[PDB]
Amino acid sequence: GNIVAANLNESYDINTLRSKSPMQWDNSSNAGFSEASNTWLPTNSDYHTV
Ligand SMILES: *[C@@H]1O[C@H](CO)[C@@H](O[C@@H]2O[C@H](CO)[C@@H](O)[C@H](O)[C@H]2NC(C)=O)[C@H](O)[C@H]1NC(C)=O
């Protein structure tokens, strides 16, 4: 699903940022997309079940 668009300090169209959320692999931190502390966009919060 879409995410609620946070503000980025890079120039992005926030009307379309909802569809560019990171891919949801296994239920780790950042849904297995990264092992960093924070990603460039927030992961959707339903990644434990989806
Ligand atoms: C743009 O990025 C963040 C917000 O997305 C700005 O704020 C910093 O965010 C980091 C992330 O944890 C904090 O640790 C800092 O305390 C924040 N404040 C700072 C660095 O003053 C960040 O400032 C912005 N960067 C720009 C405008 O270059």
Side-chain angles (χ1 to χ4, degrees):
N2 289 333
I3 56 151
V4 181
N7 45 48
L8 295 184
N9 286 340
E10 318 187 40
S11 199
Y12 273 93
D13 192 65
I14 61 172
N15 295 298
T16 65
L17 266 182
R18 47 180 174 185
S19 309
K20 304 167 174 72
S21 64
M23 183 57 178
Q24 287 158 37
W25 323 99
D26 53 70
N27 56 355
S28 298
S29 57
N30 319 301
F33 161 79
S34 184
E35 292 156 312
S37 280
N38 51 357
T39 59
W40 84 282
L41 268 190
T43 309
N44 204 328
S45 57
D46 50 43
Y47 71 95
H48 288 101
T49 60
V50 185

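Hydrogens, waters and symmetry mates are skipped; everything else that's a heavy atom, side chains included, is used. Residue numbers run from 1 in the order of the sequence given. For ligands, and for the atoms within them, numbers begin at 1 and follow the listed sequence.
Note on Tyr47: it does not cluster hydrophobically with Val50, by side-chain heavy-atom contacts below 4.5 Å among ILVMFWY residues. Hydrophobic clustering keeps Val4 apart from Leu17 (ILVMFWY residues linked when any side-chain heavy atoms are closer than 4.5 Å, directly or through intermediates).
In terms of protein heavy-atom proximity, atom 12 (O) of ligand 1 is closest to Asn38 ND2, 4.8 Å. Remark: minimum distance from atom 23 (O) of ligand 1 to any protein heavy atom is reached at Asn9 ND2, 4.4 Å.
Put simply, atom 19 (C) of ligand 1 has no protein non-hydrogen atoms near it, under 4.0 Å away. Within the 4.0 Å cut-off (strictly below), no protein heavy atom is located near atom 10 (C) of ligand 1. Put simply, atom 28 (O) of ligand 1 has no protein non-hydrogen atoms near it, under 4.0 Å away. At least one protein heavy atom sits closer than 4.0 Å to atom 3 (C) of ligand 1. At a distance under 4.0 Å, a protein heavy atom can be found next to atom 6 (C) of ligand 1.
Atom CG in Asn27 sits 10.0 Å away from atom OG1 in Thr49 (nearest 0.5 Å). For the atom pair OG of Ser34 and CE of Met23, the computed distance is 15.5 Å after rounding to the nearest 0.5 Å. Rounding to the nearest 0.5 Å gives a distance of 9.0 Å between CG of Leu8 and CD1 of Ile14. Interatomic distance, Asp46 CG to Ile3 CD1, rounded to the nearest 0.5 Å: 11.0 Å.
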